[PDB]
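A.B. asks: Next comes the structure file work_37.pdb, holding PDB, C-alpha atoms.
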```pdb
ATOM      1  CA  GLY F   1      69.500  89.772  97.467
ATOM      2  CA  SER F   2      66.923  87.172  96.478
ATOM      3  CA  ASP F   3      65.185  85.883  99.613
ATOM      4  CA  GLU F   4      66.042  82.382  98.401
ATOM      5  CA  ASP F   5      69.833  82.616  98.131
ATOM      6  CA  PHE F   6      70.064  80.500 101.280
ATOM      7  CA  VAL F   7      73.017  78.397 102.390
ATOM      8  CA  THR F   8      72.402  74.689 101.844
ATOM      9  CA  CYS F   9      73.400  71.457 103.536
ATOM     10  CA  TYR F  10      76.608  69.882 102.176
ATOM     11  CA  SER F  11      77.410  73.039 100.238
ATOM     12  CA  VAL F  12      81.124  73.935 100.162
ATOM     13  CA  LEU F  13      82.174  77.508 100.819
ATOM     14  CA  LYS F  14      84.549  79.995 102.438
ATOM     15  CA  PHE F  15      83.891  81.803 105.720
ATOM     16  CA  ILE F  16      85.140  85.391 105.589
ATOM     17  CA  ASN F  17      85.563  87.491 108.719
ATOM     18  CA  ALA F  18      83.395  90.569 108.182
ATOM     19  CA  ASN F  19      85.660  93.146 109.812
ATOM     20  CA  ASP F  20      89.094  91.710 108.914
ATOM     21  CA  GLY F  21      88.367  90.081 105.554
ATOM     22  CA  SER F  22      90.417  86.960 106.385
ATOM     23  CA  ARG F  23      89.124  83.471 105.501
ATOM     24  CA  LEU F  24      88.585  80.654 108.010
ATOM     25  CA  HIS F  25      91.392  78.215 107.352
ATOM     26  CA  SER F  26      93.103  75.010 108.402
ATOM     27  CA  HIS F  27      96.128  72.940 107.434
ATOM     28  CA  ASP F  28      98.464  70.175 108.608
ATOM     29  CA  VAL F  29      99.884  72.355 111.384
ATOM     30  CA  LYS F  30      99.064  71.280 114.936
ATOM     31  CA  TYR F  31      98.885  73.359 118.109
ATOM     32  CA  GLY F  32     101.721  73.165 120.592
ATOM     33  CA  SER F  33      99.819  74.266 123.674
ATOM     34  CA  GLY F  34      96.203  73.315 124.391
ATOM     35  CA  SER F  35      94.885  70.020 123.034
ATOM     36  CA  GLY F  36      97.731  69.775 120.566
ATOM     37  CA  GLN F  37      95.152  69.144 117.841
ATOM     38  CA  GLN F  38      95.224  70.566 114.299
ATOM     39  CA  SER F  39      95.129  74.362 114.393
ATOM     40  CA  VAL F  40      92.538  76.676 112.829
ATOM     41  CA  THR F  41      93.369  80.174 111.605
ATOM     42  CA  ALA F  42      92.118  82.942 109.331
ATOM     43  CA  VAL F  43      94.133  83.900 106.255
ATOM     44  CA  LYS F  44      94.457  87.134 104.291
ATOM     45  CA  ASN F  45      95.059  85.008 101.199
ATOM     46  CA  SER F  46      92.127  84.747  98.797
ATOM     47  CA  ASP F  47      91.083  81.576  96.967
ATOM     48  CA  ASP F  48      92.937  78.684  98.651
ATOM     49  CA  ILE F  49      91.769  75.065  98.806
ATOM     50  CA  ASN F  50      92.664  74.867 102.506
ATOM     51  CA  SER F  51      90.075  77.617 103.108
ATOM     52  CA  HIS F  52      87.148  75.508 101.937
ATOM     53  CA  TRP F  53      84.676  74.049 104.408
ATOM     54  CA  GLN F  54      81.667  71.805 103.943
ATOM     55  CA  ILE F  55      78.454  72.307 105.859
ATOM     56  CA  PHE F  56      77.249  69.129 107.583
ATOM     57  CA  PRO F  57      74.051  68.542 109.580
ATOM     58  CA  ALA F  58      74.455  68.545 113.376
ATOM     59  CA  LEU F  59      75.999  65.451 115.001
ATOM     60  CA  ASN F  60      72.619  63.959 115.876
ATOM     61  CA  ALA F  61      70.743  65.286 112.852
ATOM     62  CA  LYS F  62      70.493  64.510 109.149
ATOM     63  CA  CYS F  63      69.871  66.547 106.012
ATOM     64  CA  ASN F  64      69.617  66.351 102.237
ATOM     65  CA  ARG F  65      72.084  68.102  99.945
ATOM     66  CA  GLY F  66      70.360  71.298  98.877
ATOM     67  CA  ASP F  67      68.377  71.606 102.106
ATOM     68  CA  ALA F  68      68.208  75.157 103.407
ATOM     69  CA  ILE F  69      69.738  75.726 106.819
ATOM     70  CA  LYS F  70      67.446  77.510 109.245
ATOM     71  CA  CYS F  71      68.834  80.096 111.672
ATOM     72  CA  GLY F  72      69.201  78.694 115.159
ATOM     73  CA  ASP F  73      69.943  75.206 113.845
ATOM     74  CA  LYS F  74      73.245  73.515 114.657
ATOM     75  CA  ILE F  75      75.716  72.460 111.971
ATOM     76  CA  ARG F  76      79.167  70.949 111.702
ATOM     77  CA  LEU F  77      81.895  72.321 109.441
ATOM     78  CA  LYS F  78      84.209  69.891 107.671
ATOM     79  CA  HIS F  79      87.637  71.081 106.530
ATOM     80  CA  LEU F  80      87.800  69.583 103.034
ATOM     81  CA  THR F  81      91.522  68.993 102.624
ATOM     82  CA  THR F  82      92.070  67.274 105.986
ATOM     83  CA  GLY F  83      88.657  65.746 106.621
ATOM     84  CA  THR F  84      88.537  67.222 110.127
ATOM     85  CA  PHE F  85      85.719  69.245 111.750
ATOM     86  CA  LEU F  86      85.682  72.729 113.284
ATOM     87  CA  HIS F  87      85.946  71.845 116.968
ATOM     88  CA  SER F  88      85.964  73.470 120.380
ATOM     89  CA  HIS F  89      86.367  72.413 123.982
ATOM     90  CA  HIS F  90      87.712  73.397 127.387
ATOM     91  CA  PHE F  91      91.303  74.148 126.410
ATOM     92  CA  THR F  92      92.982  77.555 126.413
ATOM     93  CA  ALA F  93      93.650  79.366 123.120
ATOM     94  CA  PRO F  94      97.255  79.207 121.806
ATOM     95  CA  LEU F  95      98.108  82.930 121.957
ATOM     96  CA  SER F  96      95.126  84.305 123.866
ATOM     97  CA  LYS F  97      95.127  82.758 127.337
ATOM     98  CA  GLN F  98      91.783  84.363 128.206
ATOM     99  CA  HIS F  99      90.087  82.593 125.325
ATOM    100  CA  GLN F 100      89.002  79.089 124.414
ATOM    101  CA  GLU F 101      90.843  77.023 121.796
ATOM    102  CA  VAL F 102      89.286  76.301 118.411
ATOM    103  CA  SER F 103      90.670  73.349 116.463
ATOM    104  CA  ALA F 104      90.094  71.072 113.478
ATOM    105  CA  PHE F 105      89.311  67.663 114.957
ATOM    106  CA  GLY F 106      88.670  64.037 114.079
ATOM    107  CA  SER F 107      86.666  63.019 111.017
ATOM    108  CA  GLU F 108      83.150  61.840 110.176
ATOM    109  CA  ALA F 109      83.868  58.681 112.166
ATOM    110  CA  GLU F 110      85.277  60.445 115.244
ATOM    111  CA  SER F 111      82.912  63.436 115.206
ATOM    112  CA  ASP F 112      81.134  64.199 118.503
ATOM    113  CA  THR F 113      78.972  66.940 120.088
ATOM    114  CA  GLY F 114      82.069  69.132 120.301
ATOM    115  CA  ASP F 115      81.768  69.691 116.536
ATOM    116  CA  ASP F 116      78.294  71.295 116.761
ATOM    117  CA  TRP F 117      77.891  75.031 116.115
ATOM    118  CA  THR F 118      74.649  77.015 116.302
ATOM    119  CA  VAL F 119      74.147  79.293 113.325
ATOM    120  CA  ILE F 120      73.185  82.757 114.513
ATOM    121  CA  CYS F 121      71.429  84.579 111.699
ATOM    122  CA  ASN F 122      68.309  86.760 111.579
ATOM    123  CA  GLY F 123      64.981  85.551 110.278
ATOM    124  CA  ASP F 124      64.923  81.801 109.817
ATOM    125  CA  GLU F 125      66.904  80.687 106.796
ATOM    126  CA  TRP F 126      70.644  81.239 106.490
ATOM    127  CA  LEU F 127      71.040  83.617 103.542
ATOM    128  CA  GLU F 128      74.348  83.813 101.680
ATOM    129  CA  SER F 129      74.030  87.614 101.724
ATOM    130  CA  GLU F 130      73.871  88.098 105.473
ATOM    131  CA  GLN F 131      76.425  88.283 108.233
ATOM    132  CA  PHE F 132      76.217  85.709 110.990
ATOM    133  CA  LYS F 133      77.876  84.364 114.098
ATOM    134  CA  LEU F 134      78.618  80.776 115.082
ATOM    135  CA  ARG F 135      78.109  79.805 118.685
ATOM    136  CA  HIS F 136      79.663  76.572 119.938
ATOM    137  CA  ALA F 137      76.754  74.432 121.100
ATOM    138  CA  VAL F 138      78.510  72.644 123.960
ATOM    139  CA  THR F 139      80.440  75.571 125.478
ATOM    140  CA  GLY F 140      78.510  78.560 124.143
ATOM    141  CA  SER F 141      81.664  80.313 122.937
ATOM    142  CA  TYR F 142      81.468  82.386 119.779
ATOM    143  CA  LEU F 143      83.835  81.636 116.902
ATOM    144  CA  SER F 144      85.977  84.785 116.813
ATOM    145  CA  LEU F 145      89.261  86.252 115.657
ATOM    146  CA  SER F 146      91.194  87.060 118.844
ATOM    147  CA  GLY F 147      92.906  89.910 117.036
ATOM    148  CA  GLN F 148      96.260  88.203 117.439
ATOM    149  CA  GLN F 149      98.420  86.974 114.570
ATOM    150  CA  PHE F 150     100.814  84.032 114.402
ATOM    151  CA  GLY F 151     104.476  84.066 113.483
ATOM    152  CA  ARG F 152     106.297  81.357 111.518
ATOM    153  CA  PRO F 153     105.667  78.739 110.213
ATOM    154  CA  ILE F 154     102.283  80.392 109.552
ATOM    155  CA  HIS F 155     103.313  84.048 109.645
ATOM    156  CA  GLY F 156     100.567  86.637 109.451
ATOM    157  CA  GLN F 157      97.698  84.192 109.933
ATOM    158  CA  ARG F 158      95.074  85.332 112.447
ATOM    159  CA  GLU F 159      94.320  83.442 115.658
ATOM    160  CA  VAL F 160      90.819  81.954 115.766
ATOM    161  CA  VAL F 161      89.335  81.321 119.214
ATOM    162  CA  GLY F 162      86.189  80.911 121.270
ATOM    163  CA  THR F 163      85.068  84.000 123.145
ATOM    164  CA  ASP F 164      82.563  84.009 126.003
ATOM    165  CA  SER F 165      81.062  87.175 124.549
ATOM    166  CA  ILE F 166      80.441  88.618 121.098
ATOM    167  CA  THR F 167      83.346  90.760 119.919
ATOM    168  CA  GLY F 168      84.414  92.772 116.895
ATOM    169  CA  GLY F 169      85.865  89.552 115.527
ATOM    170  CA  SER F 170      82.695  87.447 115.879
ATOM    171  CA  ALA F 171      80.920  88.504 112.677
ATOM    172  CA  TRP F 172      81.326  86.235 109.643
ATOM    173  CA  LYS F 173      80.128  86.251 106.046
ATOM    174  CA  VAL F 174      79.800  83.335 103.616
ATOM    175  CA  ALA F 175      81.124  83.231 100.049
ATOM    176  CA  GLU F 176      81.109  80.578  97.352
ATOM    177  CA  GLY F 177      84.660  79.426  96.795
ATOM    178  CA  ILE F 178      83.783  76.757  94.252
TER     179      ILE F 178
END
```
Could you render the structure from this file as structure tokens?
C.D. replies:
Amino acid sequence: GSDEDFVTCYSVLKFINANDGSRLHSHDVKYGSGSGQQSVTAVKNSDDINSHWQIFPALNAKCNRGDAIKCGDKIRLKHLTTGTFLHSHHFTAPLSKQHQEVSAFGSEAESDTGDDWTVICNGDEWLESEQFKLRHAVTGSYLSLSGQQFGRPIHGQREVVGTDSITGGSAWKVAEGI
């Protein structure tokens, strides 16, 4: 585990849930409850283009491709196939009423503070070999699998939400898709 296998700005990768093994995912399927924006799920379906995300500097920051990301810093995550950003806000989750909704919103042009996520890793340089959490900057909610699964038209996909506290679905791990 070379101490220099850090995650870099503008790198493209997959986010795997540590305890479930599912990959953070998005698609052209919108919610029919909260904000009605594009949904975000976790899939138990390896290697899929819709599971790739690109790390962007925080909304009011800037970075250079190849730049290491320090723990504690905020980032934005762009869903490659739809050009949207991992987003959160004050809406209720689709299947878990007690939780906050997590969506894929806007684009580089429409991106706002709601797209910022604080990287929670130990030490001070996001390593590709460590587990981490992502805490929504504006609301403070942790990106987590609610433990619920969807039915058709996205059967078996796990619900992704924002939890006030850290749960057994809050730990994530990075992996190089391509």
A.B. asks: If we count all atoms listed in the file, what is near stretch 170-177 of chain F at a cut-off of 8 Å, once residues fewer than 3 positions away on the same chain are taken out, given as a ChimeraX atom specification?
C.D. replies: /F:12-19,47,52,128-134,142-145,166-167
A.B. asks: Can you turn the PyMOL selection byres ((chain F and resi 147) around 8) into a concrete residue list for this file, as number ranges by chain?
C.D. replies: F: 145-146, 148-149, 158-159, 169
A.B. asks: At a cut-off of 8 Å, using only C-alpha atoms, what residues contact residue F:164? Leave out same-chain residues fewer than 5 positions from it and give the result as an MDAnalysis selection string.
C.D. replies: chainID F and resid 99 140:142
A.B. asks: Could you pull the residues within 9 Å of residue F:106, counting only C-alpha atoms, minus those fewer than 3 positions along the same chain, as a PDB file with C-alpha atoms, keeping the file's coordinate frame?
C.D. replies:
```
ATOM      1  CA  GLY F  83      88.657  65.746 106.621  1.00  0.00           C
ATOM      2  CA  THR F  84      88.537  67.222 110.127  1.00  0.00           C
ATOM      3  CA  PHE F  85      85.719  69.245 111.750  1.00  0.00           C
ATOM      4  CA  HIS F  87      85.946  71.845 116.968  1.00  0.00           C
ATOM      5  CA  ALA F 109      83.868  58.681 112.166  1.00  0.00           C
ATOM      6  CA  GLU F 110      85.277  60.445 115.244  1.00  0.00           C
ATOM      7  CA  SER F 111      82.912  63.436 115.206  1.00  0.00           C
ATOM      8  CA  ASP F 112      81.134  64.199 118.503  1.00  0.00           C
TER       9      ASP F 112
END
```
A.B. asks: When you look at stretch 74-82 of chain F with a cut-off of 9 Å (counting only C-alpha atoms), what residues show up, excluding the ones that are within fewer than 6 positions of it in the same chain? I need them as a ChimeraX atom specification.
C.D. replies: /F:9,12,25-28,49-59,61,104,107-108,115-119,135-137
A.B. asks: Print the selection's residues with C-alpha atoms to a file, as a short mmCIF file (atom, residue, chain, number, x, y, z; two decimals), in the frame of the given file.
C.D. replies:
```cif
data_model
loop_
_atom_site.label_atom_id
_atom_site.label_comp_id
_atom_site.auth_asym_id
_atom_site.auth_seq_id
_atom_site.Cartn_x
_atom_site.Cartn_y
_atom_site.Cartn_z
CA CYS F 9 73.40 71.46 103.54
CA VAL F 12 81.12 73.94 100.16
CA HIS F 25 91.39 78.22 107.35
CA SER F 26 93.10 75.01 108.40
CA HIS F 27 96.13 72.94 107.43
CA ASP F 28 98.46 70.18 108.61
CA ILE F 49 91.77 75.06 98.81
CA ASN F 50 92.66 74.87 102.51
CA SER F 51 90.08 77.62 103.11
CA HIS F 52 87.15 75.51 101.94
CA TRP F 53 84.68 74.05 104.41
CA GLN F 54 81.67 71.81 103.94
CA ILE F 55 78.45 72.31 105.86
CA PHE F 56 77.25 69.13 107.58
CA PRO F 57 74.05 68.54 109.58
CA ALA F 58 74.46 68.54 113.38
CA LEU F 59 76.00 65.45 115.00
CA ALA F 61 70.74 65.29 112.85
CA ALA F 104 90.09 71.07 113.48
CA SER F 107 86.67 63.02 111.02
CA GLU F 108 83.15 61.84 110.18
CA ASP F 115 81.77 69.69 116.54
CA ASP F 116 78.29 71.30 116.76
CA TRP F 117 77.89 75.03 116.12
CA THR F 118 74.65 77.02 116.30
CA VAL F 119 74.15 79.29 113.32
CA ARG F 135 78.11 79.81 118.68
CA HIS F 136 79.66 76.57 119.94
CA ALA F 137 76.75 74.43 121.10
#
```
A.B. asks: Around (94.6, 73.8, 122.6) in the file's own coordinates, what residues are found within 7 Å if you use all atoms listed in the file, given back as a short mmCIF file (atom, residue, chain, number, x, y, z; two decimals) with C-alpha atoms, in the frame of the given file?
C.D. replies:
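Everything below was put into part33.cif:
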```cif
data_model
loop_
_atom_site.label_atom_id
_atom_site.label_comp_id
_atom_site.auth_asym_id
_atom_site.auth_seq_id
_atom_site.Cartn_x
_atom_site.Cartn_y
_atom_site.Cartn_z
CA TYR F 31 98.88 73.36 118.11
CA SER F 33 99.82 74.27 123.67
CA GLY F 34 96.20 73.32 124.39
CA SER F 35 94.88 70.02 123.03
CA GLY F 36 97.73 69.78 120.57
CA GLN F 37 95.15 69.14 117.84
CA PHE F 91 91.30 74.15 126.41
CA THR F 92 92.98 77.56 126.41
CA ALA F 93 93.65 79.37 123.12
CA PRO F 94 97.26 79.21 121.81
CA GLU F 101 90.84 77.02 121.80
#
```
A.B. asks: Report, in Å to a single decimal, how far apart atom CA of residue F:62 and atom CA of residue F:10 are.
C.D. replies: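 Interatomic distance, atom CA of residue F:10 to atom CA of residue F:62: 10.7 Å.
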A.B. asks: Check what the PyMOL selection byres ((chain F and resi 3) around 12) selects in the file above and give those residues as a ChimeraX atom specification.
C.D. replies: /F:1-2,4-7,68,123-130
A.B. asks: Kindly give the distance, in Å, that separates atom CA of residue F:30 and atom CA of residue F:156, rounded to a single decimal.
C.D. replies: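 Interatomic distance, atom CA of residue F:30 to atom CA of residue F:156: 16.4 Å.
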A.B. asks: How many Å separate atom CA of residue F:168 from atom CA of residue F:40?
C.D. replies: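 For atom CA of residue F:168 relative to atom CA of residue F:40, the distance reads 18.5 Å.
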A.B. asks: Just the residues within 8 Å of residue F:89, please, counting all atoms listed in the file, with nothing from its chain fewer than 3 positions along; format it as a ChimeraX atom specification.
C.D. replies: /F:100-102,114,138-139
